[PDB]
Ligand SMILES: NC(=O)c1ccc[n+]([C@@H]2O[C@H](COP(=O)([O-])OP(=O)(O)OC[C@H]3O[C@@H](n4cnc5c(N)ncnc54)[C@H](OP(=O)(O)O)[C@@H]3O)[C@@H](O)[C@H]2O)c1
Ligand SMILES: NC(=O)c1ccc[n+]([C@@H]2O[C@H](COP(=O)([O-])OP(=O)(O)OC[C@H]3O[C@@H](n4cnc5c(N)ncnc54)[C@H](OP(=O)(O)O)[C@@H]3O)[C@@H](O)[C@H]2O)c1
């Protein structure tokens, strides 16, 4: 017989607010999940407040995030996020090591470390946003489920990764609200 | 006001062979010079034989070694070097203090200690492979000259560094040939 296990951590909204408020630089890497939940709006609002509070907050977009090329740039633009804070993977990937917090919102395949850590993965070698290199990662999705490529993501079990489970819009709505009360 | 002195040491092939034969752990840090001279091939054969003699031989690749992204990884692969012995700087730098011998092959800026020793240097604070922390270093290049950054490299003058001057391919071809014949 055989068996293998994995351990992940889940945090609550209060803990997430703590991490956000303590962080000075933040990168948001959105994916298909944000698109499905139509979460562009609450996250745009949140980003505006954090920026006005003096934090460095930028979006890092994978060339193939979502389901259509440039789909995330369009939705973020529709939410009124400034174009100067929406960067492409190639221009921002190098900032992860120097980043305090990364908010992974409805992204999975585009931030999957198996692309570099598993030689026998089907996405091995494929370029991804290296979010795990930052100080703290908060993953916002409904579960530890798979993405389009149907493969497990090692970042879910890394020490510096915390899962904030729930629909992307609901979670961003709540965060945006609790930050407005600060 | 002051004037320090520095001495470099030039060695010949047989001397390099003795250093290799005597080393249990070897790390190779290749750079632009290896590519230019097309020395991937002889070095690949050399590593195979050494590994076969029981020696732990690995490659340490700097993120910006060569002149294109992943250039050294691609050329070494093509020459048949096992992906499992090619490591990125960040995953191997901590082992230099515990390494017997380092073969710097056509690398300079990526192994320049001035990044850590000269606060006024144009490369100050930039990460480099800390080859000089190992027991013995052998540098293979044509001269005591500069690399792309156009700055002198202090490791050529450290007591544990030996210069094995000449075109990288001509040199690697000879080393592989002598190693074979033993
Ligand atoms: N960009 C393009 O043009 C294009 C074209 C063809 C294929 N693709 C492929 O699509 C993938 C895109 O990468 P990605 O990171 O964006 O995608 P994914 O890897 O498709 O990520 C989707 C993630 O969002 C979550 N999600 C779905 N609904 C959600 C919701 N309502 N609230 C919160 N989370 C939700 C899912 O997890 P839960 O189920 O746990 O919530 C899922 O794992 C790539 O594999 C790419 O190659 C892209
Ligand atoms: N990787 C990228 O995509 C990229 C892009 C833009 C800039 N760069 C820059 O390029 C540099 C790369 O670092 P590195 O250590 O590989 O480079 P270097 O510092 O460029 O090293 C080249 C060394 O190899 C030697 N060389 C040239 N031909 C040789 C030959 N035939 N045989 C033996 N030696 C030879 C040269 O010395 P001799 O003349 O004494 O032999 C030289 O000092 C970095 O400063 C990096 O920032 C990289």
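Swiss-Prot numbering applies to chain A: residues 902-1083, in that order.
Heads up, header says this was done by X-ray crystallography, 2.0 Å.
For all residues, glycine too, the Cβ spot is worked out from N, Cα and C.
Look at residue A:1049 (NADP(+) binding site): DSSP puts it in coil. Every protein chain shown contributes to the tally, and the Cβ of residue A:1049 (NADP(+) binding site) ends up with 13 other Cβ atoms within 10 Å. Under the heading NADP(+) binding site, Swiss-Prot lists A:933, A:965-970, A:1007-1011, A:1026-1027, A:1042-1049, A:1068-1069, citing experimental evidence as support.
The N6-succinyllysine annotation in Swiss-Prot covers A:1079. Remark: residue A:1079 (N6-succinyllysine) has A:914, A:915, A:918 as non-local neighbours, by Cβ distance under 8 Å and separation of at least 6 in sequence.
Within the same chain, the residues at least 6 positions away from residue A:1026 (NADP(+) binding site) whose Cβ sits under 8 Å from its Cβ are A:1016, listed in sequence order. Taking a C-beta cut-off of under 8 angstroms and a sequence separation of 6 or more, residue A:970 (NADP(+) binding site) has the following same-chain neighbours: A:964. The Cβ of residue A:1009 (NADP(+) binding site) lies under 8 Å from the Cβ of A:932, A:933, A:934, A:1042, A:1047, A:1048, A:1049, A:1054, each of which sits 6+ residues away along the same chain.
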